[PDB]
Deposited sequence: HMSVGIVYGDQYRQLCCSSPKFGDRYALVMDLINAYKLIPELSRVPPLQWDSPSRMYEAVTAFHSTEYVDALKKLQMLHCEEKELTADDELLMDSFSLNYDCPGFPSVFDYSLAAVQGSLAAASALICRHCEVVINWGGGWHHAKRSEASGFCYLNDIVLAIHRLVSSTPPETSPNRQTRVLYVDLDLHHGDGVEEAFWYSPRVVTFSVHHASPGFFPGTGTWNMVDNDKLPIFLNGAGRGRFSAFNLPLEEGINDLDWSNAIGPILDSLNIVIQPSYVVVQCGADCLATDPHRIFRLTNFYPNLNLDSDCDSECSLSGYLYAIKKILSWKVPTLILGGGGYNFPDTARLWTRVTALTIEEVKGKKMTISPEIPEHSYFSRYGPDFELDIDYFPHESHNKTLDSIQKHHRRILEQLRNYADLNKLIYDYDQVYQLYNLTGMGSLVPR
């Protein structure tokens, strides 16, 4: 089946943050408005037997002291009184400040994504679902003891850890506009989790990694060559973005033969995202780079976790992820999803004006990266004794 994470409490928590507002509600309600919910298996978020079991799960990646501080931040933001200087300094030591502020539900909000993505991983492991979608997850920037980029807990890392610990290899594909630094770092020393991020990178652009640092770092220790990156200049359209990552994706699957694929599908590469950097679309006849990538990953018939992430044009993010959800149903079940070009009437219909259409309202370096990435993949296969056909992989590019 195709699973999707939702629930009443989950929805409330995913809509409780100042940065992402009600985005998750728009996403799930547009999926509902297009009558996709009956096609999908609801995956309930994971809950625990006790505080200690919860800490045991979250501190599989995060430090106890960081989790403590994040919970304290929520507590402090539920009281009217201003933080003490000592508490401000404590929060600063975990980067729980500036772009990762406190708010009254910050811990419950952050933990909810973890609950959803851990449940999604478990549904894949027990083979209840062949693919699971979590549009409340995908928070790729959070580090062991540091919040970053409005990511407080790294649900992706925790989900991947569950998968790899269930020879199991996981391929992580990060389609967000931003470099997936938190996930890359978590598995920097781990050959069995290969990370691949395609992203914009340029001087001063967040978070700064995923590019020449100069040479290209790619993992360390036994994880050498296991972290892949494709930085792209601003302005790239569906076709060029698709041709840039298509052969890399196919080569990674052929060589790594992953037992699971985890995809972060942040929507901030859309031409209409307020970042205004890439020119991708949700068009489904150019073909949306996102849909091209997802279709290609699902053609591998590997159990796959599809997560959300960035996306700051909330209606267009719902437009894109609704099409990703329909495409996943089609590819996995084999059942054609016919979707009207009109946004159906529903709770948030007015948010899609004035056009009220499903299509978003939008009218050599890469060759060098391919040669570099192919060489790195050969080095990865050699170091990890993976038998693969070099000529066939070369023909993909």
Checklist line | Parts of the chain sequence, as deposited, that carry no C-alpha coordinates in this structure | finding: 1-2, 169-177, 225-231, 304-315, 394-402, 437-447
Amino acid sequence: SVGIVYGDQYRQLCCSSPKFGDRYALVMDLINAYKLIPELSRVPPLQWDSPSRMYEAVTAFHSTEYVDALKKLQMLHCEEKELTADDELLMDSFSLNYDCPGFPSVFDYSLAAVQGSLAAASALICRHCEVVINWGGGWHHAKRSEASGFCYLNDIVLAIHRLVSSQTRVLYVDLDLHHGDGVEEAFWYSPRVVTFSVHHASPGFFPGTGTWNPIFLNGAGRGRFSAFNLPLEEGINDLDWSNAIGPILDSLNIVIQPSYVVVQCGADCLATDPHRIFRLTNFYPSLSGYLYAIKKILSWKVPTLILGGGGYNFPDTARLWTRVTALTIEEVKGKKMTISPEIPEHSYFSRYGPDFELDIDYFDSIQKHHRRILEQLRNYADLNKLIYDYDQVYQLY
From here on, numbers count along this sequence of modelled residues.
Note to self: Check this for me: in at least a third of the other entries compared, is residue 93 absent while its neighbours are modelled?
What the structure shows: no
Check: Among the other compared PDB entries, is residue 214 dropped in a third or more?
Finding: yes
Item checked: Of 340-348 and 52-60, the stretch whose C-alpha atoms average the higher B-factor in the entry -> 340-348
Checklist line | 62-70 or 37-45, whichever carries the higher mean Cα B-factor | finding: 37-45
Item checked: Selection by C-alpha B-factor (highest) of 144, 199, 81, 279 -> 81
Item checked: CA B-factor ranking of residue 24, expressed as a third of its chain -> lowest
Notebook entry, point to check: C-alpha B factor of residue 179, ranked within the chain: lowest, middle or highest third?
Noted result: lowest
Notebook entry, point to check: By the record's CA B-factor, is residue 95 among the lowest, middle or highest third of residues in the chain?
Noted result: middle
Next item on the list: Just say lowest, middle or highest third for the CA B-factor of residue 77 relative to the other modelled residues in its chain.
Entry: middle
Next item on the list: Looking at the entry's B-factor column for C-alpha atoms only, identify whether residue 238 ranks in the lowest, middle or highest third of its chain.
Entry: middle
